[PDB]
Amino acid sequence: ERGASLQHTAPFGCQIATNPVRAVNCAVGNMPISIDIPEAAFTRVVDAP
Amino acid sequence: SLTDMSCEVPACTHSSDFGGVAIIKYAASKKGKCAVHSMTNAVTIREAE
């Protein structure tokens, strides 16, 4: 009588795992990303084609 | 004698040191040494000759 579990019914495309109990990849909203890229990774316009 | 001069800045960072890079294409009449100087007081060039 339990019906479908949270893995199947949860909004935002949530994946449900156990040991420990957790909600993975919740299909819902947006996610801000901040990347502090080091100086060495960049190439100057003059040094670029 | 220099003619057909063009200038491109592939990399620039405004700082106390030489953070700017400039590539100058030219057409010289003969081989020899030329003096390099900035005609704008807000910009200074590392190379003198």
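Respectively, the protein sequence lines represent chains V and E. With the UniProt record's numbering, the residue at position 41 of the first sequence is 1095, and numbering never jumps. With the UniProt record's numbering, the residue at position 48 of the second sequence is 1151, and numbering never jumps. Backbone N, C-alpha and C define an ideal beta-carbon position, used for all residues, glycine too.
Query raised in the report: Taking 9 angstroms as the CB-CB cut-off, is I1126 (chain E) touching chain V?
Result: yes
Report task. Can you grab the Cα-Cα spacing for the pair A1081 (chain V) / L1060 (chain V), in whole Å? Result -> 13 angstroms
Query - From E:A1138, E:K1134, E:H1117, E:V1112, residue whose alpha carbon lies closest to that of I1127 (chain E) - result: E:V1112
Query raised in the report: Taking 9 angstroms as the CB-CB limit, is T1072 (chain V) close to chain E?
Result: no
Requested in this report: Select from the region 1128–1148 of chain E all residues with a C-beta closer than 8 angstroms to any C-beta belonging to chain V, and list them in chain order.
Outcome: none
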